[PDB]
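Report on the structure given below.
There are 2 protein chains.
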Amino acid sequence: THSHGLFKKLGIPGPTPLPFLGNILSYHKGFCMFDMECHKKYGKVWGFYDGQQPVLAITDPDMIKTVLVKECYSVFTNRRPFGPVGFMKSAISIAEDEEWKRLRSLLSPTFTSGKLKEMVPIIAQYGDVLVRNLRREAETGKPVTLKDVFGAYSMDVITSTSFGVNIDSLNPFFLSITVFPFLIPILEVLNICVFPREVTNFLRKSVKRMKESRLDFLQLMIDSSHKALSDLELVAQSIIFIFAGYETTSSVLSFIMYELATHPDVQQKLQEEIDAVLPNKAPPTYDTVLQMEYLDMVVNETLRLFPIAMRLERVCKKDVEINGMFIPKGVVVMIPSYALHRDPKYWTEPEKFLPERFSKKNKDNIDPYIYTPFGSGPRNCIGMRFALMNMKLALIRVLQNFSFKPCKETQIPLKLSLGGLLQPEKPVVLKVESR
Amino acid sequence: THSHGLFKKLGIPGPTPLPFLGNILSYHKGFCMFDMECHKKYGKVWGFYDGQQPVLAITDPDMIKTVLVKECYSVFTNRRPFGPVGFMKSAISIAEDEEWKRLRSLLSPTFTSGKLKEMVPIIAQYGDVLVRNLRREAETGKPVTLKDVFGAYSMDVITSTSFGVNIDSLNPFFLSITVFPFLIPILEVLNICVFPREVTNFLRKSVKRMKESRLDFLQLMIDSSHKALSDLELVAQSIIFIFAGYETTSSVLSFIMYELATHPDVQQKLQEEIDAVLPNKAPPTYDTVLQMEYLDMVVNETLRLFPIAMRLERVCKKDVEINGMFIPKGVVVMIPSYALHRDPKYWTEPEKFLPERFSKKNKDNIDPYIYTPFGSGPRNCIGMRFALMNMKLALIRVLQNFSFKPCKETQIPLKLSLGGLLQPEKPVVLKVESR
Ligand code: HEM
Ligand code: HEM
Ligand SMILES: CC(C)(C)OC(=O)N[C@H](CS[C@H](Cc1ccccc1)C(=O)NCCc1cccnc1)Cc1c[nH]c2ccccc12
Ligand SMILES: CC(C)(C)OC(=O)N[C@H](CS[C@H](Cc1ccccc1)C(=O)NCCc1cccnc1)Cc1c[nH]c2ccccc12
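Chains as they are written, first to last, in the UniProt record's numbering: chain A, 27 to 197, 218 to 261, 270 to 278, 286 to 496; chain B, 27 to 197, 218 to 261, 270 to 278, 286 to 496.
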């Protein structure tokens, strides 16, 4: 526990670390309550220790811009190592330094404004499966678990958008990682993997069946100043894209319908805009989705209250002095997204759901280095524009046909998962009525 | 690699161990070819090293009886430690010393001749589901994967026989364990488990739902000179019983139909006996199943060629001198079942399928410490009698309605899985015809 003197040395405040465990006992309320607490206790800058690992929290918008944008390529290029990963080390979210720059370049043109516009005709199909799957549990007044019917939709979208397969989708340990990061190299040599060695084995061969069948995201990889992309590295990117495109889309869509249900005036104000831009229940298109500003305002304000990443992190790969502060090599620099999204020194009534904060009359009084639901700089969420489009296309088709009211078992107020990831404690269950 | 001199010291022959790896590179053809080889090379007794771990192979029937029966309780009480297991350490197949004696006593009366006879009326249902599920893929001349329709049956049997749930069941790393057994205690403290932490979490709560619902194998545990049984220890026994009752029953049943197909004279000789004891396609009963001797002869001879355990093992918990041989504390004593089941110094034409070896005219010329498909002594297969009854009840109802012929894709001869477990390389697929 010799490393527990770094912040005492640097004169940076923070909680006193216990030996070996560091400050991780504080995570007993979740990452987010710990961040919101430390933010209040120490101010703009503090540090703590995930085990022996020093973690410096920064909340200064200038310092955040320095870390995420100005000094990304040079110092803050990678995140805090994750293991064991196995062959998934070559996935873009996990790859480091030059290996990541190459996969970023090769995978970037997948989410152009043009490649997205090609997917709107394809996404529209499963939105109608989503309505019809919802029309069944609606004509029977049985409360609906949203993440089920949303995840069935989100799953349908990601398989075809990246590959082309069409399916009606109705057919405890990481605690030790941070106290035993020295055990990560141990597990890497045992082929153990946080990704099950079966799901990966399924897709590794499934992709090489799809590759040698047509011969989409699967198309653009074999098609492409660097080297070219490999094959086991092609499977790894698909696995990242399939996870994100499913669990992020479904979880946020569930978060949105909970708020639309507990704020019926906003749910009606949005249903009115959807019928105006799309009269006669018109099919949403790429350009109509980009016209609905109150839909974007709802999506944005929901992602303020539930930034599913909670924290942004970068590893300081060498000694730097950013915005007048010395940061030694090896430190993980952390931006507490959840805490800043709820900071009263920037948001009025930050626990209330108020989409009007993002009105064009008010969207200017909002610092983009405080509101970072997708990150910033060269390593932001590569699938941001696709995520916004995917969700918005789902809300339109769903609110065009249904209205949502709370039930007896609806968790009000919603308890967040006091665990790790950002999910609700109890699932989101609402009553669906047909218009 | 200081431990690699033990057998050189004891004057026991065997392959020369490489540093760290021991003799495990020899496993490149499977456990069984290694045993059959070493048996020929060195004779009645040899040793080798799984990593640093000394393993003494014995083939002397007297010495085998000493280890398995005479000296079981005193010296050879447990098998070679298995990890990581987590809460499954309390399962009977895995439990050691006194903890195992208690679970053996508490779980033994589950497989009495009387408790088995109570299950014959219940097993008969899914045998008819098995026929009807087979009548579908038979009236369409589509070759059948036997382990699918057998595993669907074996799964149906084990859930109701132990609990009572009825369902129509149509709705890479252990290599490092033996070079890094010092890593087993490492993994135990990370909650990692060779049993997925999800399947176990499913049944842990599923059982405690069943426990507090009725309030069978599930019945007799809460009902019972020892202490009494726990609850997390109740889930652990269920998991052992469900695995064995599924994968053993299905795999052997597949092995039997492959042989009945490649030896049509035996398949007809057995169909004639089944129709004689059970005329008009009579329903098999507990006592009729025990009357068919040629059915028992087929089952026995199949289990000679494919003893799904391959090896029996016991840990020598203290220095002993058994049958004139010194065996030091810590050594794993191993009986190469597969090798002895194919030893020409005991079997004539041991690669040929010949059920007549087990005729009552010939069943006496067979040493029960050479033919050990279920083990021997106090720690033999506790579910032997149930396994024989379960399989025999399936063969009767299946051969009463169908005959089996090889296909174009039928693997002839059957290659064993050159891996670890005893399975076929390619699945067993045969043509099914309706009588
Ligand atoms: C509501 C939906 C989503 C949210 C809120 C979200 C948020 C984020 C955030 C905060 C980051 C880290 C940014 C940073 O470190 O500065 C990230 C990274 C990433 N996201 Fe998303 N994401 C979403 C959906 C998606 C989707 C649909 C994909 C499709 C593949 C995707 C792919 C990625 C990838 C590949 C990265 C890592 C990129 C890199 O490291 O270069 N995300 N996301
Ligand atoms: C064809 C079917 C089966 C075969 C060939 C088989 C074979 C074996 C063998 C060789 C052993 C080790 C015996 C020894 O070490 O001396 C064993 C142990 C065991 N078997 Fe089976 N088995 C079969 C089916 C079953 C079934 C249906 C069950 C039902 C629960 C079962 C439960 C067990 C248990 C609990 C043990 C460990 C007992 C102890 O350690 O005290 N087996 N089996
Ligand atoms: C330090 C190093 C460079 C090695 O990389 C990281 O250690 N990265 C971690 C990877 S966890 C997760 C792994 C996983 C597990 C099981 C199935 C599939 C994937 C994942 O790869 N997910 C990327 C997809 C995604 C999710 C959410 C939002 N968008 C995109 C954590 C992490 C980095 N960026 C993030 C933005 C948001 C949320 C978590 C992370
Ligand atoms: C040394 C120690 C005392 C600790 O115990 C052992 O290390 N025991 C090993 C356990 S592997 C397997 C584990 C498992 C994994 C995943 C799901 C379910 C179970 C299992 O528990 N299976 C018992 C059921 C069974 C299977 C086959 C035939 N009958 C009964 C190996 C072993 C001991 N006896 C055996 C007879 C036959 C085949 C393997 C073994």
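Using N, Cα and C, we set each Cβ at its ideal position, and we do this for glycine too.
Consider the C-beta atom of residue i and the heavy atoms of ligand 5; say whether any pair is separated by less than 7 angstroms.
i	result
residue 95 of chain A	Inclusion of ligand 5 in the displayed structure is not the case, the ligand content consisting of ligand 1, ligand 2, ligand 3 and ligand 4 alone.
Along the alpha helix (DSSP H) that carries residue i, what are the first and last residues, could you check?
i	result
residue 443 of chain B	First-last for residue 443 of chain B: undefined, no H or E at that position.
residue 225 of chain B	220 to 225
residue 310 of chain B	310 to 323
residue 151 of chain B	139 to 165
residue 178 of chain A	172 to 188
residue 297 of chain A	293 to 304
residue 428 of chain B	Element bounds for residue 428 of chain B: n/a, residue is neither H nor E.
residue 361 of chain A	354 to 366
residue 276 of chain A	271 to 277
residue 169 of chain A	Element bounds for residue 169 of chain A: n/a, residue is neither H nor E.
residue 402 of chain A	398 to 402
residue 259 of chain B	245 to 260
residue 421 of chain B	Segment: none, residue 421 of chain B is in no alpha helix (DSSP H) and carries neither H nor E.
residue 230 of chain B	230 to 234
residue 34 of chain A	32 to 36
residue 122 of chain B	Unbroken run through residue 122 of chain B: none, as it is neither H nor E.
On the DSSP letters alone, give me the boundaries of the beta strand (DSSP E) that residue i sits inside.
i	result
residue 76 of chain B	71 to 76
residue 464 of chain A	463 to 467
residue 373 of chain A	373 to 376
residue 382 of chain A	381 to 383
List the DSSP bridge partners of residue i.
i	result
residue 79 of chain B	B:76
residue 495 of chain A	A:463
residue 84 of chain B	B:71
residue 48 of chain A	A:44 and A:76
residue 346 of chain B	Its beta-bridge partners do not exist; DSSP assigns none.
residue 197 of chain A	Beta-bridge pairing links residue 197 of chain A to no other residue.
residue 393 of chain A	A:81 and A:376
residue 386 of chain A	A:383
Under 8 angstroms, Cβ to Cβ, is there at least one residue of chain A near residue i?
i	result
residue 237 of chain B	yes
residue 250 of chain B	no
residue 375 of chain B	no
residue 255 of chain B	no
State yes or no: is the beta carbon of residue i nearer than 8 angstroms to at least one beta carbon in chain B?
i	result
residue 106 of chain A	no
residue 458 of chain A	no
residue 243 of chain A	yes
task = Closer than 8 angstroms, Cβ to Cβ, to anything on chain B: give me those residues from the segment 70 to 88 of chain A, in chain order.
result = Against chain B - using a Cβ distance shorter than 8 angstroms - the segment 70 to 88 of chain A contributes no residues.
inquiry  = With a threshold of 8 angstroms, are at least 3 pairs of Cβ atoms found where one atom belongs to the segment 446 to 455 of chain B and the other to the segment 471 to 491 of chain B?
reply    = no
ask   = Going along the chain, which residues of the segment 219 to 233 of chain A sit with their C-beta nearer than 9 angstroms to a C-beta in chain B?
value = 219, 221, 222, 223, 226, 229, 232 and 233
At least 3 beta-carbon pairs within less than 8 angstroms: the segment 51 to 63 of chain A vs the segment 108 to 118 of chain A = No, the segment 51 to 63 of chain A is not in contact with the segment 108 to 118 of chain A.
inquiry  = Under 8 angstroms: do the segment 48 to 58 of chain B and the segment 67 to 85 of chain B share three or more Cβ pairs, one atom per stretch?
reply    = Short answer: they touch.
ask   = How about the segment 345 to 353 of chain A and the segment 225 to 244 of chain A: do they share at least three Cβ pairs that are nearer than 8 angstroms?
value = With the cut-off at 8 angstroms, the segment 345 to 353 of chain A and the segment 225 to 244 of chain A do not touch.
query = Does the segment 455 to 474 of chain A come close enough to the segment 152 to 167 of chain A that 3 or more CB-CB pairs lie under 8 angstroms?
reply = Judged by Cβ distances under 8 angstroms, the segment 152 to 167 of chain A makes contact with the segment 455 to 474 of chain A, as three or more pairs qualify.
ask   = Between the segment 358 to 374 of chain A and the segment 433 to 443 of chain A, do three or more beta carbon pairs fall short of 8 angstroms?
value = yes
inquiry  = Whether or not the segment 85 to 94 of chain A and the segment 389 to 399 of chain A are in contact is what I'm after, with contact meaning three or more pairs of Cβ atoms, one per stretch, closer than 8 angstroms; do they touch?
reply    = Touching, yes, given that three or more Cβ pairs across the two stretches are closer than 8 angstroms.
inquiry  = Could you check whether the segment 404 to 418 of chain B touches the segment 121 to 128 of chain B, counting it as contact only if at least three pairs of C-beta atoms, one from each stretch, sit closer than 8 angstroms?
reply    = No: the two stretches stay apart, fewer than three of their Cβ pairs being nearer than 8 angstroms.
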